[PDB]
Amino acid sequence: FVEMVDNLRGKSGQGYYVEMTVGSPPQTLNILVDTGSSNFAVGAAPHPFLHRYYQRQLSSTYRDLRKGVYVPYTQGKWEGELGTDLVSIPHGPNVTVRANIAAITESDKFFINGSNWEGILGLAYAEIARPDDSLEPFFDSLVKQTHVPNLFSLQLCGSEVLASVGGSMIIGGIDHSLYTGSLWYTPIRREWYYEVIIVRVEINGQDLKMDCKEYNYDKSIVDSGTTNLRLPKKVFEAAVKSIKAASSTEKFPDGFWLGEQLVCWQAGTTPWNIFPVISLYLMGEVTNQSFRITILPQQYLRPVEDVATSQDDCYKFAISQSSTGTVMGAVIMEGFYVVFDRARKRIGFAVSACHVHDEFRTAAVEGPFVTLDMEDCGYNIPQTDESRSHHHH
Ligand SMILES: CN1C(=O)[C@]2(N=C1N)c1cc(-c3cccnc3F)ccc1O[C@H]1CCOC[C@@H]12
Ligand code: NI
């Protein structure tokens, strides 16, 4: 899969993108790789933050579906017109597919100034697609129309501009050069988000000792479209307390722990060893088994080069509170080669050949851990009448 290695780019904190082509003849666009959503949607009209956009009129193969799509979310919205066209990934499999494409005609707080992407590739399942689950997601179309195996894998690798990031999206396979050691699999609990189950959390080898359902309240997901590790409020508070205690030789402002302020040390003097490792134990394929993924402060403290003090190494705390469950975002994923094995309803983790570490500690994937009488750590989201009324033909 050499042709697919190093096919991802981006700016730190602004998401990883892949080059794609849309239409005939092919129009090149940079597309955000998002395992936390399920639409393929591209800028299709001028916008202050877009150097270019999908020109439907320039494509001989474009078909209008005569249907709009409106997608509000917490931080903003995008909307536009549904259609189909021919799509390929130049540094991906040598295939071309007819996929659904949402042509984004209006948006608010969606595009990011300087991120260098013009669209989004939702890699999650039909259940969370807009306007509804009848709009086939891109990967579903790719698998159905071609011989591409139903699996993809992601290796995300962590003064005037933001730091450039790189990585690999391997479509249809696993590239053994992208990881070392064992590849461990956790079940996909349900196919909507890439939902998983966390059974235990440790901070510097110390158990947080919470009811494990708290770790998955109201879900836990693997999301390339979230920068941070995000934790449910109660879990976040417990984690911050534990990380504070370990790093107590340093008194940081409240702003730091809120992710609203950088902390700095003189170049190359960052005291990494005062910050603890964080271990998330994930449910194994076997009953009563788990494995752990362990990340370093090199993952949860994001480097940000300050113009005023380029003399110093400065960092943002990249663990944050959630009210919508655990989000294993780029913070987690940058430690690991992550296999989205849709065919076998499981997600694989192995130590990434590109993860940032020091000579003392490393990001790790370790198991098995067995528990005599393992509890169900899954949370069951209260069923609304809205949701219950939906017919699923
Ligand atoms: C949480 N999350 C988002 O808000 C979302 N992708 C994820 N995963 C998303 C993430 C980003 C995004 C921002 C920074 C870093 N990485 C990213 F990817 C930008 C826009 C965006 O649009 C949302 C449109 C509605 O669906 C979700 C989409
Ligand atoms: Ni019906």
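Numbering-wise, the sequence shown is residues 60 to 217, 225 to 459 according to the authors' numbering.
Every residue, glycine too, gets a C-beta built ideally from N, C-alpha and C.
From what residue to what residue does the beta strand (DSSP E) around residue i run?
i           : result
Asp167      : 156 to 167
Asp378      : 378 to 383
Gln86       : 86 to 93
residue 462 : Summary: the structure shown does not reach residue 462, with the chain confined to residues 60 through 459, and so no result is reported for it.
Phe170      : Careful: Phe170 lies outside any beta strand (DSSP E) and carries neither H nor E.
residue 460 : The structure shown does not extend to residue 460, since the chain is modelled only from 60 to 459, so the question has no answer here.
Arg125      : 122 to 132
Residue i and residue j: beta carbons closer than 8 Å?
i      : j      : result
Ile240 : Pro152 : no
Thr94  : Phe406 : yes
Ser234 : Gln214 : yes
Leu362 : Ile264 : no
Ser345 : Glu257 : no
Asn175 : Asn66  : no
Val370 : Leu324 : no
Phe99  : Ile163 : no
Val207 : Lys70  : no
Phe357 : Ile309 : no
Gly401 : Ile359 : yes
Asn209 : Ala409 : yes
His150 : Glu226 : no
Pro253 : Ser97  : no
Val81  : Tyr129 : no
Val422 : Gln364 : yes
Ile179 : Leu91  : yes
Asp192 : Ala183 : no
Is the beta carbon of residue i within less than 7 Å of some heavy atom of ligand 2?
i      : result
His457 : yes
Is residue i close to ligand 1? I mean its beta-carbon at under 7 Å from any heavy atom of the ligand.
i      : result
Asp93  : yes
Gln355 : no
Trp137 : yes
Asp439 : no
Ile171 : yes
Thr292 : yes
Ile179 : yes
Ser96  : yes
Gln73  : yes
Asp289 : yes
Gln387 : no
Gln365 : no
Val397 : no
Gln327 : no
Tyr403 : no
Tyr184 : no
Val130 : yes
Measuring alpha carbon to alpha carbon, tell me which residue in the options is nearest residue i.
i      : options                        : result
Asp320 : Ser386, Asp123, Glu140         : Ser386
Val352 : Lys136, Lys307, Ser314, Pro434 : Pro434
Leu228 : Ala185, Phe322, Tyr381, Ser248 : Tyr381
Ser248 : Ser453, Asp424, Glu140, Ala430 : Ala430
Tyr76  : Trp331, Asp284, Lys126, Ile171 : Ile171
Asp378 : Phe60, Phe198, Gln332          : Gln332
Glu316 : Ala304, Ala305, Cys330, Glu326 : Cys330
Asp123 : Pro298, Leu145, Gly173         : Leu145
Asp167 : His150, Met79, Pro107          : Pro107
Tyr281 : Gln73, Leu295, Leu141          : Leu295
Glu303 : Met276, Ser314, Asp284, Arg111 : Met276
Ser147 : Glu140, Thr155, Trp137         : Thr155
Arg68  : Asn446, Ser290, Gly135, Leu117 : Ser290
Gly181 : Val288, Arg255, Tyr121         : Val288
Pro84  : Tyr121, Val64, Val61, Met63    : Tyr121
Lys126 : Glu140, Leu117, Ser119, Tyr132 : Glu140
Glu165 : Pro131, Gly142, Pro190         : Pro131
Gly173 : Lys203, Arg157, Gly74          : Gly74
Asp424 : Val436, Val343, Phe198, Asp372 : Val343
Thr428 : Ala311, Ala416, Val101         : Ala416
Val202 : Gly217, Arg157, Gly142         : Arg157
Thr143 : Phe169, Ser118, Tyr445         : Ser118
Assuming residue i and residue j are in contact, meaning their beta carbons sit under 8 Å apart, how far apart are those beta carbons, in whole angstroms?
i           : j      : result
residue 218 : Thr246 : Residue numbering in the chain breaks between 217 and 225, and residue 218 falls inside that break, so it has no position here.
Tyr260      : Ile187 : Going by Cβ atoms, the distance from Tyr260 to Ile187 rounds to 11 Å, so no, they are not a contact pair.
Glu177      : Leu244 : Wrong, their Cβ atoms sit about 27 Å apart, outside the cutoff.
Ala103      : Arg111 : At roughly 11 Å, the Cβ-Cβ gap does not stay under 8 Å, so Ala103 and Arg111 are not in contact.
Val404      : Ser212 : 6 Å
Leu297      : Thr390 : Their Cβ separation, rounded to whole angstroms, is 11 Å, which puts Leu297 and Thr390 out of contact at 8 Å.
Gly72       : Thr293 : 5 Å
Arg412      : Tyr251 : 4 Å
How is the alpha helix (DSSP H) around residue i delimited, first residue to last?
i      : result
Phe357 : First-last for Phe357: 355 to 361, but that is the beta strand (DSSP E), not the alpha helix (DSSP H).
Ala416 : Segment 412 to 418 is the beta strand (DSSP E) holding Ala416; no alpha helix (DSSP H) there.
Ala305 : 299 to 312
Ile398 : 396 to 399
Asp451 : 451 to 455
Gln327 : Element bounds for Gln327: n/a, residue is neither H nor E.
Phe197 : 197 to 204
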